[PDB]
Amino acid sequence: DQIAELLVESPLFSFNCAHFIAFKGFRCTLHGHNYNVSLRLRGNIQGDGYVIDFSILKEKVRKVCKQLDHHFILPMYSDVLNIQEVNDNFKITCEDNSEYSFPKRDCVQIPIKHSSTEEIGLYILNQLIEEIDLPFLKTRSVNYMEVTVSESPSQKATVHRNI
């Protein structure tokens, strides 16, 4: 067989989100980004001439991005935020006693500790593998999946999993 590595990357694989960084002894102000996601994978070229169809990769990256897009990204497991449910809002209180409140529907609660590029990348990697489907990946011989997330064109984090 012949190994090939596929890359899909596009201005469409975007989610335009608000967030703020907080960790021990530090809190940044609320702001936002046009995050962008690329996906790279490795498998053998199949009898149909593809490792896996690009169209499916594009469909599923778009799907995951679309869930995050146009929301405030809210970590679930942060040790430095107090996240309160107040009526139909999340009220967030930082260690410096700064306070924020957002409609719950404007927020996407993600099982991460920090809304950093790195942790968001790991989350997306796990979601992309679920959406494309792990058994389906293995039928295509895919053995490696890698996600790059950029928070702006100049700063990216890349994570992978051997499958």
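Residue numbers here begin at 1 and follow the sequence given.
Annotation for 101-109 versus 36-44: the higher mean temperature factor (C-alpha) is found in 36-44. Higher mean CA B-factor, judged across 17-25 and 135-143 from the recorded values: 135-143. By the numbers in the PDB entry, the CA B factor is greatest at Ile129 among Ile129, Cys94, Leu68, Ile120. Looking at the C-alpha B-factors along this chain, the one for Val8 belongs to the middle third.
Among the modelled residues of the chain, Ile163 sits in the highest third by CA temperature factor in this PDB entry.
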